[PDB]
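Undergrad: Sharing a structure with you now.
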Amino acid sequence: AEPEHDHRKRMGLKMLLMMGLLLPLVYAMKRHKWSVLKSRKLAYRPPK
Amino acid sequence: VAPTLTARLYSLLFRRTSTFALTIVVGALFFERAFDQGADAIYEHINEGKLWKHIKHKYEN
Amino acid sequence: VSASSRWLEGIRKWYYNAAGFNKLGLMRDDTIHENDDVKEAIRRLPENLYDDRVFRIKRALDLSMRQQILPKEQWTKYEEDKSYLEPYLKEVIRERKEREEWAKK
Amino acid sequence: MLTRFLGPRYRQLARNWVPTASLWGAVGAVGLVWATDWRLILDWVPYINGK
Amino acid sequence: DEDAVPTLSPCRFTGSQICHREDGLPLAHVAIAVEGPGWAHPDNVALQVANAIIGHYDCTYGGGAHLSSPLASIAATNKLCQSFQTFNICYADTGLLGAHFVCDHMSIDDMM
């Protein structure tokens with residue numbers, strides 16, 4: 001029914017180990033560029 | 001050596017977007033080897049005798 | 001004068017706290033949907049109320065971005081909540097409804 | 001009609017962008033080498049001849 | 001003399017942004033800088049040259065399109081500001097090296 005079986009599970013392991021590197025790294029890449037915005041401090045200074 | 005090495009990396013390899021790109025490309029070739037090695041070998045070790053790569057010796061020539 | 005109208009008030013104060021715009025320093029009039037009637041009443045706001053309004057919203061969208069909330073101290077007390085827009089908004093709709101009756105004859 | 005571009009400044013400015021342009025072909029070829037698995041070249045590389 | 005004369009501490013450069021937004025004012029002032037080496041350093045001479053090449057502009061400058069400086073030329077042709085100036089302020093062991101300008105609200109990007 002499914003000769004690809006062991007080939008697909010092999011790619012799956014890679015997919016799992018690859019995502020396991022990339023997801024933290026892509027996250028670390030976003031977290032960086034938003035770090036400017038995430039730590040910005042507002043002050044309002046109107047007259048009187 | 002253990003602190004001033006991210007530094008050494010950056011000067012030599014990361015400043016120039018050429019050497020940056022060269023590093024990622026040179027670095028990717030070496031990674032594709034080491035990964036398709038290691039992970040295939042991880043995948044080997046989790047079956048150990050389910051696969052025709054191990055059976056091979058049974059039916060000779 | 002009344003036990004029960006203090007209760008409708010307690011229901012109202014509940015829903016207010018429950019809505020939780022307060023939690024991001026907002027006032028009820030900061031939260032209103034901008035339609036044409038609303039848009040104009042913002043136009044009509046005096047300098048200070050306008051500048052205060054832009055700051056409240058700016059502070060809130062900032063919190064909303066960082067998924068946070070004010071100190072409970074710094075939230076907007078239900079009683080302390082001024083319907084600064086109300087009279088303007090009412091005057092706008094009032095003017096529009098006039099134009100609408102005139103358009104009918 | 002490219003007579004315009006022949007003078008001292010232009011040769012300084014080419015001479016400026018030369019080490020960069022050098023490395024950009026290094027990037028581009030080695031990428032093509034890796035992406036096609038060029039066989040002919042890659043046999044030379046220790047480690048990477050996995051056969 | 002003898003008691004509690006201290007030397008200056010070194011000053012940490014951040015690199016960082018301060019934006020004080022006020023649309024009631026008719027033109028924008030931006031001032032951008034990287035960190036300078038300060039008074040002593042031979043690099044001041046060379047930086048000052050590079051600065052000189054970028055130079056300065058002002059809308060009262062005689063003859064605009066034909067200015068040597070590619071900043072100042074494009075600035076004048078495309079009416080991209082009212083003023084700019086390069087600078088290198090020195091302190092002991094540090095300083096501010098960059099430029100400051102002044103322009104319309106729709107120039108701030110192009111000028112940048």
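Chains: A, B, ... in order of the structure tokens. Residues: from 1 per chain. Ligands: from 1, in order shown.
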With a distance cut-off of 12 Å and only C-alpha atoms, select the neighbouring residues of stretch 63-72 of chain C, excluding the residue or stretch itself and same-chain residues fewer than 6 positions from it, and output the selection as a VMD selection string.

TA: (chain A and resid 31 34 to 42) or (chain C and resid 17 20 to 26 56 to 57)

Undergrad: Output N, CA and C atoms of each residue in that selection to a file, as a PDB file, in the first residue's frame.

TA:
ATOM      1  N   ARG A  31      12.901  37.599  17.580  1.00  0.00           N
ATOM      2  CA  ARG A  31      12.933  38.132  18.943  1.00  0.00           C
ATOM      3  C   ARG A  31      13.920  39.303  19.036  1.00  0.00           C
ATOM      4  N   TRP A  34      12.430  42.474  16.865  1.00  0.00           N
ATOM      5  CA  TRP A  34      11.410  43.102  17.695  1.00  0.00           C
ATOM      6  C   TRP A  34      11.922  43.641  19.041  1.00  0.00           C
ATOM      7  N   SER A  35      13.194  43.384  19.355  1.00  0.00           N
ATOM      8  CA  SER A  35      13.722  43.757  20.665  1.00  0.00           C
ATOM      9  C   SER A  35      13.772  45.267  20.910  1.00  0.00           C
ATOM     10  N   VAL A  36      14.169  46.016  19.878  1.00  0.00           N
ATOM     11  CA  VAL A  36      13.867  47.446  19.681  1.00  0.00           C
ATOM     12  C   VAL A  36      12.456  47.836  20.151  1.00  0.00           C
ATOM     13  N   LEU A  37      11.435  47.253  19.528  1.00  0.00           N
ATOM     14  CA  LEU A  37      10.050  47.548  19.865  1.00  0.00           C
ATOM     15  C   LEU A  37       9.567  47.008  21.222  1.00  0.00           C
ATOM     16  N   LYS A  38      10.098  45.868  21.656  1.00  0.00           N
ATOM     17  CA  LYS A  38       9.603  45.234  22.877  1.00  0.00           C
ATOM     18  C   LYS A  38      10.065  45.964  24.130  1.00  0.00           C
ATOM     19  N   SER A  39      11.188  46.669  24.007  1.00  0.00           N
ATOM     20  CA  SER A  39      11.770  47.379  25.138  1.00  0.00           C
ATOM     21  C   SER A  39      11.642  48.903  25.077  1.00  0.00           C
ATOM     22  N   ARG A  40      10.945  49.410  24.058  1.00  0.00           N
ATOM     23  CA  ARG A  40      10.758  50.848  23.894  1.00  0.00           C
ATOM     24  C   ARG A  40       9.998  51.429  25.075  1.00  0.00           C
ATOM     25  N   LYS A  41      10.489  52.557  25.581  1.00  0.00           N
ATOM     26  CA  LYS A  41       9.830  53.255  26.683  1.00  0.00           C
ATOM     27  C   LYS A  41       9.203  54.570  26.193  1.00  0.00           C
ATOM     28  N   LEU A  42       7.916  54.725  26.492  1.00  0.00           N
ATOM     29  CA  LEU A  42       7.146  55.919  26.157  1.00  0.00           C
ATOM     30  C   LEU A  42       7.185  56.888  27.324  1.00  0.00           C
TER      31      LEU A  42
ATOM     32  N   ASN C  17     -15.260  46.451  34.640  1.00  0.00           N
ATOM     33  CA  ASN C  17     -14.026  45.802  35.056  1.00  0.00           C
ATOM     34  C   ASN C  17     -13.758  44.588  34.186  1.00  0.00           C
ATOM     35  N   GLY C  20     -12.407  45.463  30.552  1.00  0.00           N
ATOM     36  CA  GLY C  20     -10.985  45.458  30.852  1.00  0.00           C
ATOM     37  C   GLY C  20     -10.154  46.239  29.848  1.00  0.00           C
ATOM     38  N   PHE C  21     -10.707  47.369  29.406  1.00  0.00           N
ATOM     39  CA  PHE C  21      -9.942  48.385  28.724  1.00  0.00           C
ATOM     40  C   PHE C  21      -9.151  49.265  29.672  1.00  0.00           C
ATOM     41  N   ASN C  22      -9.776  49.603  30.799  1.00  0.00           N
ATOM     42  CA  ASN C  22      -9.115  50.032  32.050  1.00  0.00           C
ATOM     43  C   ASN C  22      -7.720  49.454  32.306  1.00  0.00           C
ATOM     44  N   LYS C  23      -7.578  48.162  32.018  1.00  0.00           N
ATOM     45  CA  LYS C  23      -6.388  47.377  32.337  1.00  0.00           C
ATOM     46  C   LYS C  23      -5.166  47.847  31.552  1.00  0.00           C
ATOM     47  N   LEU C  24      -5.464  48.512  30.436  1.00  0.00           N
ATOM     48  CA  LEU C  24      -4.490  49.155  29.567  1.00  0.00           C
ATOM     49  C   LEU C  24      -4.653  50.663  29.596  1.00  0.00           C
ATOM     50  N   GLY C  25      -4.933  51.232  30.763  1.00  0.00           N
ATOM     51  CA  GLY C  25      -5.133  52.669  30.888  1.00  0.00           C
ATOM     52  C   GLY C  25      -6.158  53.360  29.987  1.00  0.00           C
ATOM     53  N   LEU C  26      -6.951  52.596  29.236  1.00  0.00           N
ATOM     54  CA  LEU C  26      -7.995  53.147  28.374  1.00  0.00           C
ATOM     55  C   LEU C  26      -9.237  53.677  29.077  1.00  0.00           C
ATOM     56  N   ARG C  56      -3.159  57.840  25.482  1.00  0.00           N
ATOM     57  CA  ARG C  56      -3.834  56.654  25.994  1.00  0.00           C
ATOM     58  C   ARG C  56      -3.829  55.492  24.994  1.00  0.00           C
ATOM     59  N   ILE C  57      -4.376  55.727  23.805  1.00  0.00           N
ATOM     60  CA  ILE C  57      -4.316  54.717  22.756  1.00  0.00           C
ATOM     61  C   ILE C  57      -2.886  54.244  22.425  1.00  0.00           C
TER      62      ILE C  57
END

Undergrad: Select residues of chain B: the criterion is any atom within 7 Å of an atom of chain D, counting only C-alpha atoms; output as a compact mmCIF listing (two decimals) with N, CA and C atoms, in the first residue's frame.

TA:
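Done, and the output landed in selection31.txt:
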# COMPACT_ATOMS: atom_id res chain seq x y z
N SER B 18 30.04 39.52 1.36
CA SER B 18 30.66 38.49 0.53
C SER B 18 31.08 37.30 1.37
N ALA B 21 28.31 35.54 2.97
CA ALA B 21 27.65 34.62 2.04
C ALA B 21 28.53 33.42 1.72
N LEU B 22 29.83 33.67 1.59
CA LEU B 22 30.80 32.61 1.33
C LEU B 22 30.82 31.64 2.49
N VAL B 25 27.76 29.42 2.51
CA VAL B 25 27.74 28.52 1.36
C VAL B 25 28.77 27.40 1.53
N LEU B 29 27.75 23.19 2.66
CA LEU B 29 28.29 21.97 2.05
C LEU B 29 28.79 20.95 3.08
N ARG B 33 26.89 17.18 4.41
CA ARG B 33 27.62 15.94 4.63
C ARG B 33 27.33 15.38 6.02

Undergrad: I need the residues in chain A that are alpha helix (DSSP H) according to DSSP; give them as number ranges by chain.

TA: A: 5-33, 35-38

Undergrad: Which chain B residues are at most 12 Å from chain A (counting only C-alpha atoms), as an NGL selection string?

TA: :B and (31-32 or 35-44 or 46-47 or 50-52)

Undergrad: Using only C-alpha atoms, find the residues of chain C whose closest atom to chain E is at most 12 Å away, then write them as a PDB file with N, CA and C atoms, in the first residue's frame.

TA:
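Once written, iface_12.pdb looks like this:
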ATOM      1  N   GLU C  47      -7.476  70.644  21.976  1.00  0.00           N
ATOM      2  CA  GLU C  47      -6.094  70.207  21.799  1.00  0.00           C
ATOM      3  C   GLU C  47      -5.665  69.167  22.840  1.00  0.00           C
ATOM      4  N   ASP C  51      -4.762  65.334  22.553  1.00  0.00           N
ATOM      5  CA  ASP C  51      -3.411  64.868  22.832  1.00  0.00           C
ATOM      6  C   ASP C  51      -3.373  63.772  23.890  1.00  0.00           C
ATOM      7  N   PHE C  55      -2.328  59.679  23.394  1.00  0.00           N
ATOM      8  CA  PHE C  55      -1.405  59.024  24.299  1.00  0.00           C
ATOM      9  C   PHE C  55      -1.941  57.777  24.944  1.00  0.00           C
TER      10      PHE C  55
END

Undergrad: Give me, as JSON lines, each residue of chain E that comes within 10 Å of chain A, together with its shortest interatomic pair and the distance in Å at one decimal, counting only C-alpha atoms, with rows ordered by chain and rising residue number.

TA:
{"residue": "E:16", "atom": "CA", "partner": "A:36", "partner_atom": "CA", "distance": 8.6}
{"residue": "E:17", "atom": "CA", "partner": "A:36", "partner_atom": "CA", "distance": 9.2}
{"residue": "E:18", "atom": "CA", "partner": "A:41", "partner_atom": "CA", "distance": 9.7}
{"residue": "E:19", "atom": "CA", "partner": "A:42", "partner_atom": "CA", "distance": 9.6}
{"residue": "E:20", "atom": "CA", "partner": "A:43", "partner_atom": "CA", "distance": 9.0}
{"residue": "E:21", "atom": "CA", "partner": "A:44", "partner_atom": "CA", "distance": 9.9}

Undergrad: Which value, in Å to one decimal, gives the distance between atom CA of residue E:9 and atom CA of residue B:7?

TA: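 We find that atom CA of residue E:9 and atom CA of residue B:7 lie 25.0 Å from each other.
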
Undergrad: So the first atom is atom CA of residue E:36 and the second is atom CA of residue E:52; what is the distance between them in Å, to one decimal place?

TA: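 It comes out at 15.9 Å.
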
Undergrad: DSSP on the backbone, strand (DSSP E) only: what residues of stretch 26-62 of chain E does that give? Format it as a count of residues only.

TA: 12
